[PDB]
2 protein chains.
Amino acid sequence: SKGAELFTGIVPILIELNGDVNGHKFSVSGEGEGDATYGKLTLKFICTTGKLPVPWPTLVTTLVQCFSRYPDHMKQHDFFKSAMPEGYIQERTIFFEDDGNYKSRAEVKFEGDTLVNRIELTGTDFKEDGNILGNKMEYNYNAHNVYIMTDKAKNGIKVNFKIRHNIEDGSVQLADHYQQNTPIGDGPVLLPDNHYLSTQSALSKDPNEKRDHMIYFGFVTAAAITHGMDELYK
Amino acid sequence: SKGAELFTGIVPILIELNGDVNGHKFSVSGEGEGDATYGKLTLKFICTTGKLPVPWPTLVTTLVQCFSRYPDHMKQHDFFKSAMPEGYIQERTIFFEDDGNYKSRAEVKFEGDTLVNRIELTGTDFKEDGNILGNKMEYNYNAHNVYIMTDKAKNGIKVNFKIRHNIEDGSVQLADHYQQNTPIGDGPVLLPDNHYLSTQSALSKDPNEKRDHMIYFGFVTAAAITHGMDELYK
């Protein structure tokens with residue numbers, strides 16, 4: 001696509017999230033850069049309202065898949081870049097196992113030379129004693145496969161995956177993601193074959209940063225599906 | 001410790017491995033740098049004997065924990081740096097669930113200005129069409145907690161953890177790690193309280209690199225234990 005031409009170099013990124021989870025109102029700002037040729041993201045996030053009232057890991061998926069590396073033989077399936085620079089709407093519902101849910105709507109598009117992700121997020125039905133409002137999640141992240149299919153009715157895509165959140169008691173809590181993306185513009189987009197994004201992450205800190213923050217490193221490459229979205233127990 | 005002063009900046013790293021798994025031999029060479037102040041590692045590995053006969057993910061733990069970030073309040077528990085520059089011996093047995101095992105012996109120490117990890121590895125009892133010799137592992141890595149305790153008899157430490165390897169059929173295979181480290185020198189070392197290293201990783205590729213290879217990114221910070229090394233099922 002022509003959109004993909006915008007991603008051949010290092011692209012500056014800006015992220016803004018306004019959030020309200022169970023009446024706890026917070027804001028996050030983020031900045032960094034993307035390197036789609038290698039599938040790399042480097043982002044720093046600050047909670048501008050003080051202490052984040054939820055765990056940083058719960059916001060990782062919400063806080064720019066246009067920066068995934070699509071191998072040459074898969075370039076025809078890169079919806080995300082094809083929708084640029086006008087952008088796409090990315091909407092999710094995320095169900096936290098035995099707890100509440102997040103709903104998000106984001107606009108991802110170029111504003112000048114910067115790729116900008118602007119998000120509204122609402123969370124409801126959380127337990128005050130749960131892993132989210134109780135802030136019982138470890139500060140870490142795992143590898144996930146993110147499954148993408150065409151959604152023809154919307155000239156876009158539907159995306160599904162489960163995130164595994166490691167909890168401080170040794171358990172793991174799944175966050176079931178239902179995602180949809182639609183072009184903002186009227187130009188042509190690439191409607192992809194069913195495939196997935198191999199996504200790997202690490203959350204870090206700057207020990208000299210006193211503000212509540214998250215340093216996020218992402219590594220993402222598109223690949224052909226070899227199994228289903230859920231874990232096979234055999 | 002005094003050895004910790006050697007890690008306050010960016011340190012160059014060289015890694016050399018010879019392995020023999022079920023009679024299939026390989027050598028791997030690696031280089032990059034570590035930044036213990038932030039707990040970051042960046043390393044590129046090449047197979048110098050052509051095609052690697054096992055999955056890259058199986059070699060990740062074998063292929064420098066002295067680069068972990070120990071927070072100030074935990075610096076009295078950092079055995080790895082305290083053994084430097086003379087270094088330490090790191091030995092492991094790794095049991096792959098329903099398959100064979102790796103045994104390794106490595107020396108980690110300063111050679112000139114460079115931190116070097118030299119390893120010999122032997123693997124046995126592998127199934128020729130299991131996930132290792134059959135090469136059925138996804139190219140990715142997850143977050144793990146690495147549990148450390150003092151081993152008084154050896155003036156060293158014992159280390160235990162389980163690695164979760166994502167398999168191409170959607171299953172997960174555990175690799176049970178039994179590890180021991182002993183100092184080479186007879187200078188004083190720090191024998192730590194029982195604690196763990198929060199370890200996060202990502203495996204990437206250089207699309208233009210034609211040799212069989214792995215780009216490894218590591219992110220490691222020490223922390224107080226809050227649960228056991230196995231997953232708690234609720």
# chains A, B, ... in the order shown; residues from 1 in each chain; ligands from 1

call {"tool": "interface_residues", "arguments": {"of": "chain A", "to": "chain B", "cutoff": "10 Å", "atoms": "only C-alpha atoms", "output": "PyMOL selection string"}}
result
chain A and resi 37-40+69+71-72+138-145+166-173+198-207+217-221+225-234

call {"tool": "select_by_dssp", "arguments": {"residues": "range 2-225 of chain B", "states": "alpha helix (DSSP H)", "output": "number ranges by chain"}}
result
B: 56-59, 79-82

call {"tool": "atom_distance", "arguments": {"atom1": "CA of residue 35 in chain A", "atom2": "CA of residue 34 in chain B"}}
result
21.9 Å

call {"tool": "atom_distance", "arguments": {"atom1": "CA of residue 187 in chain A", "atom2": "CA of residue 83 in chain A"}}
result
7.6 Å

call {"tool": "select_by_dssp", "arguments": {"residues": "chain B", "states": "strand (DSSP E or B)", "output": "ChimeraX atom specification"}}
result
/B:11-21,24-35,40-47,69,88-96,101-111,114-124,137,144-151,156-167,172-183,195-204,213-223

call {"tool": "residues_around", "arguments": {"residues": "range 86-92 of chain A", "least_positions_apart": "3", "cutoff": "9 Å", "atoms": "only C-alpha atoms", "output": "ChimeraX atom specification"}}
result
/A:62,80-83,102-111,119,156,177-187
